[PDB]
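Structure 1 and structure 2 below are two forms of the same protein chain, each written out on its own as structure tokens.
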Structure 1
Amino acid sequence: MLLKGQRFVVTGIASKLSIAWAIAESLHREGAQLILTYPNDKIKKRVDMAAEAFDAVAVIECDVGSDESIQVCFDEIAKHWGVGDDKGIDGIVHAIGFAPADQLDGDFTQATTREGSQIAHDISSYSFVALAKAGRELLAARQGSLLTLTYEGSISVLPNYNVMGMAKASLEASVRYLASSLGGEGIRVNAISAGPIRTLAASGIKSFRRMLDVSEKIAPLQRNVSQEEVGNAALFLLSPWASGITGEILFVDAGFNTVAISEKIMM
């Protein structure tokens, strides 16, 4: 229905719990054709299953740490989607972040290192600019959009978020800059700031479970959001319904970012 005959490149699918899986899901449900990318061979398995679940046009390798990797990915994409009068792409989904585990443990000042910061910014922030660069002509040809996933750590302190907070502030700046750079070609650029999501994996970590729990206690809706809530918001922003929207950070966080002190917290 809504995305009939529209084409999307989705990155960052690591598994069934990935927000990007849910994004892929929402897009497929609405009639879209997908190419999915994978960073390495060990993650390739989970991507293939997504390929299966959603009838993926193609599954292409893409390490956003490698400009060469990105270039060849977009070359491959050109051959499915860059030939004919109907050439182009309707969206690119960036759902990639990484910081060395040791950057995110305890005191920001003690834990943050020159290299970890460099890596965090490269993979989490520059990579979006990199995909914008490689996708420009295809997106331009269908006036399609770019979408990234961010987080409130950028503008508000949360413990152990650390250098990812810096990397996300950076990525949100890139949203604004790209929207200015690309809007002349009718390409929209947007971000969703997802709330903390209770996953299987995440619930594993005492400190993470704790953060999830104060979240629910602060958030107006008195819960954490689900992946599907984020996927449907993403669906919206990638859809013709969002044609008037560029440069937006859309919070899908059950209202967390708007509270200073909740009544529930007062004890």
Structure 2
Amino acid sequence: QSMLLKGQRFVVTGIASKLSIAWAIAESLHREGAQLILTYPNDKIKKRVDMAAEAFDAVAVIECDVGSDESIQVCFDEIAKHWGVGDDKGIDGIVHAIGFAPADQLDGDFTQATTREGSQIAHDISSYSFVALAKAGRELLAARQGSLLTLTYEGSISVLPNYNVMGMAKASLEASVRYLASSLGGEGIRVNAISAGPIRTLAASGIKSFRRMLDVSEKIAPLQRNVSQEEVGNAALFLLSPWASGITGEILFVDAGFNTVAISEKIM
């Protein structure tokens, strides 16, 4: 409870449950005195975004299915009504916390499991959607010299069992972080990612052997534990804050050091 984001405004995608990393990012931003707009992709998920809206006193709760150009365009329309008008216009940040590939893509042998359409959807929802948000948000961001933040996973650069086409999408996503940074930096907009360690979330639960992943990680990670959503929330807060004014194009690992260790006493 400091007051680092007093009067700052953020759009937060990807809340699905109390376990969502985006939930904790919202919580961190709210704690620090920012105002929030929260998005949801459909009615089932709206139920849970509404709970988050209540807990964080969201300014609005707007539909945003990042699969639709119409949905995104309309969503940023609504946001502009609230935050695009009058004396203090603009937004300080947009949080992209959205991943999807069809479940079959992440079940078993990579070459067997990957399909043309699976790949298409994985890249579209998990990677292009970040640039889609940047396109719709550009002017709002430029007005306040805000930043974009996405979430990635080590699966982009190292192989983790079953991660498969999501690895291809995350690698694609991370390239976009760099291209957007180069594209938007001249307007004072920063673009960054957090590479989170494994955390029990709705999506996480869906991956074969994720539980085992969680166990192994704890035994590899220098801190001898996994990270919590709160720890990613705080790191996100930093990157979204004026304190990160010199940082763009950056991938920040929040994984208890996991990415730095090839083998531990897994040996034993």
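Numbering for residues begins at 1 and runs along the sequence of structure 1. Each form is matched to the other, and the largest set of C-alpha atoms that superpose within 1.5 Å is called the rigid core. Shifts are known only where both forms have a C-alpha.
Only one of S239, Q33, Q227, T199 has its Cα shifted by 2 Å or more between the two structures after fitting on the core, and that residue is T199. When the core is overlaid, the C-alpha of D55 ends up 0.6 Å from its other position between the two structures. Taking the core as reference, the C-alpha deviation of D85 between the two structures is 2.4 Å. Taking the core as reference, several blocks of three or more adjacent residues between the two structures have all their Cα positions offset by 2 Å or more: 198-206, 263-266.
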